[PDB]
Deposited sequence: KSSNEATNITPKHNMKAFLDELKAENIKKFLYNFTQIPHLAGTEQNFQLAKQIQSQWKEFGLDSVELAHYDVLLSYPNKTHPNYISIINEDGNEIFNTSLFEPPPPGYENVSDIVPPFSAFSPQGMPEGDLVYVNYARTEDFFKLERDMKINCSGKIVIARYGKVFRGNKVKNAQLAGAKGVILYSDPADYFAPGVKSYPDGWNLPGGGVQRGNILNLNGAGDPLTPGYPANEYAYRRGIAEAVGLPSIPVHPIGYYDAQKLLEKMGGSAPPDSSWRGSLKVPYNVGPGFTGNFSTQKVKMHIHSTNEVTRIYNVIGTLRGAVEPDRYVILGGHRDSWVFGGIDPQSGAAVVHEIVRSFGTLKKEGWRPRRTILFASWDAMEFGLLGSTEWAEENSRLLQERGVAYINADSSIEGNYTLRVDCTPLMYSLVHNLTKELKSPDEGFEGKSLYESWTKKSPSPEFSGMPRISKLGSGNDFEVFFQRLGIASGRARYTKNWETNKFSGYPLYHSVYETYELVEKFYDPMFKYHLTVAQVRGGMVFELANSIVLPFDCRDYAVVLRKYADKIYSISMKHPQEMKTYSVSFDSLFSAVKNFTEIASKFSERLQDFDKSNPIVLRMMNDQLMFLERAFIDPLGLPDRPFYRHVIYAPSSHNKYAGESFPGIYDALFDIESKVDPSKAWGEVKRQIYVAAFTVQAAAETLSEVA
């Protein structure tokens, strides 16, 4: 028959392997000819696989590239202005790729140009709390200094924002072996660790969901009216550049001034990790000089959009999307994901050629310019927002399929928890020691829920991937899944030249069994979402998490009992709303199970109630100063785009509140955010009441 088992059985590890190899032989940098050619290949193949239509959707967006004839680098300069040490111009290419052209050298995308010269301050991970420690406790002033920060813990854009607000005149980012060199494993090509010449690329924007910096709100189409650079969204004001740990050792070894405040500031290099400012006595007249000459340029990008029309509800869309652009070869990021999408499309197309169609429409997307700020997905969603918010059932992301070989990692809306539990109980575990056991069993054993015995950990969605527009702007139920390691600082070869097909085939997944498991999870979710008669969402799971999040935010506020008394700060309305949501969801669930199953209008009313429940958490006014983060329950952390924050409006109103000069105003804003949250939870609850 044509059921989920038939779909799942058609997926093959060997096909994923072939596609991965096919997608990783040359670089596919956004805006380059090679990535346009790959888009055309994928379009052709998806048509051959049997999709009903496959189109390219293009946009002209702001991208950033080094200058090929004026390379970026950092120096130590002596008192005469002689450059006595220079950082590398490129990563040593891996074996057999030493003649591959168009490898973009390491750079921080969207850095402005400049040649700032100054004294170094070491700022640990450049987190908000690292800057609090420097200014408030250590009394070190970063104003007019070049700061050097280790990658890790938080999104690099947040590091740069934090350095800017501290008054830094430039930022040097580096990979410390503490964070990117696993003990006991060899450097690439003999293992999966970062060599000392390896460097992590990546953008340093602070877009807060806007998409293309020049066209916030609207697609960057042929007639778009663009902001000037000075009014663009999210661009950094100071130069930034990334280096490897051989080069970092040379910049850090001479550092003087104050000692590190404790061991959480020390990485693994043989240097003191002194904070500065500047170098020790003998070298005190030497300085550090950056040379950044990259340019921002409006450049065409191409999304591939494939459609498999639904047989019964063609006006309901289930979306499987992931990006295609890579920094270099994209062996893990994104092609391990893209190869999985390709095999999922192939399997659905096999069923379609035998006469099957899903109940609802499935859309497949190969996004461009993700690496430059989620630009392809965001512009497309901006173009199609009306269609998406009235018809969008769900979005399943499909970036990297693997970041390790230990167990499953799932982040998603509470509406999908039951779907994920049920699906993983029907899938085979690929893990050694769990032969003949379910994926649910292996996952639950290796990654136990911190709340509930006998359940696996599922995390809330953060950001830094292409679901952002769909979930946090538009309120479409979203999820993601991949294979991960044991225990936000990525795998060692992340965004480096060393992330190749061979990395994956030799060290991560030689049999492609973890890739296949991830294909089954992502594809199985899509199948259920697109074919189940009743949408596979459980509103009661939202009720449970809303109480947890309400308890959490109340607990934060209750660190300030005197102020809560003075300003009459009550969470009673939020708990009331959460109680009401719990009650109404329970009653809706009863009707969903008991409704007349012959009546397709009651079913669709029910299905629309389910689809629009995630939508109900959207506030059209957005969060404060972040108009494109509209979901009231979930936003990316203001301190780390990768991490999700719950009740973000209240959280940010409470953050560091003891430091605000006007407590009356600050606690007034806490109360305002409690009102907005309680109202939104109640309003979402009421969408599940009987309709009339």
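Novice: Which segments of the deposited sequence lack C-alpha coordinates in the modelled structure, numbering from residue 1?
Specialist: Since the structure holds only modelled residues, the stretches it omits are 1-11, 499-502.
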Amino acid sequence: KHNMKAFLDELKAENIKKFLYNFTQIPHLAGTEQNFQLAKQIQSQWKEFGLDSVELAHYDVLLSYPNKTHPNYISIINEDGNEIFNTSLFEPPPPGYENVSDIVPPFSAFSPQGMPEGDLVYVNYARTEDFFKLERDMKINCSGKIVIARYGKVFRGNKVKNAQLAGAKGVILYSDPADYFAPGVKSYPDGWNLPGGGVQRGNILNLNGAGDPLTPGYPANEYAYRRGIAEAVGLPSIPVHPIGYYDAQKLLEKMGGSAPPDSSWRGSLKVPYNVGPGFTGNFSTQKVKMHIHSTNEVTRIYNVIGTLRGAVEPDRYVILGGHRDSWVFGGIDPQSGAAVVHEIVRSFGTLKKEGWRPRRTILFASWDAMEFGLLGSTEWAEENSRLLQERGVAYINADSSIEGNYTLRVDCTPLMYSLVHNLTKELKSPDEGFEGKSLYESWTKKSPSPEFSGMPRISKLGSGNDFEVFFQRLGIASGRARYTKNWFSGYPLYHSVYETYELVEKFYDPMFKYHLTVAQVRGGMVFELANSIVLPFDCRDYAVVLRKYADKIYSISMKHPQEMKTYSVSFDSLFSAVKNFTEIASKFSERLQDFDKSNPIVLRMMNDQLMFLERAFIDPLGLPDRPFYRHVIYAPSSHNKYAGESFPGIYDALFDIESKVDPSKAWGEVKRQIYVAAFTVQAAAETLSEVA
From here on, numbers count along this sequence of modelled residues.
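Novice: Determine if residue 487 is unmodelled in a third or more of the other PDB entries compared for this protein.
Specialist: Residue 487: unmodelled in a third or more of the comparison entries.
Novice: Going by the B-factors listed in the PDB entry, is the mean over the C-alpha atoms higher for 404-412 or for 270-278?
Specialist: Mean C-alpha B-factor is greater for 270-278.
Novice: With respect to the recorded C-alpha B factors, which stretch has the higher mean value, 215-223 or 254-262?
Specialist: The stretch with the larger average C-alpha B-factor is 254-262.
Novice: Sort 158, 562, 496, 303 by C-alpha B-factor from the entry and give me just the highest.
Specialist: By C-alpha B-factor in the record, 562 ranks first.
Novice: Name the residue from 342, 437, 522, 604 with the greatest C-alpha temperature factor listed in the entry.
Specialist: That would be 437, according to the entry.
Novice: Lowest, middle or highest third: which one holds residue 27 when the chain's residues are ordered by CA B-factor from the entry?
Specialist: According to the entry, residue 27 has a C-alpha B-factor in the chain's middle third.
Novice: Thinking about Cα B factors across the chain, which third does residue 573 belong to?
Specialist: It falls in the middle third of the chain.
Novice: Using the B-factor values recorded in the entry, state whether the Cα atom of residue 54 falls in the lowest, middle or highest third among the modelled residues of its chain.
Specialist: Answer is middle: the recorded C-alpha B-factor places it there.
Novice: Name the third of the chain's ranked CA B-factors that contains residue 198, choosing lowest, middle or highest.
Specialist: Its C-alpha B-factor, which the entry lists for residue 198, ranks in the middle third among residues of this chain.
Novice: How does the C-alpha B factor of residue 81 compare with the rest of the chain: lowest, middle or highest third?
Specialist: Answer is highest: the recorded C-alpha B-factor places it there.
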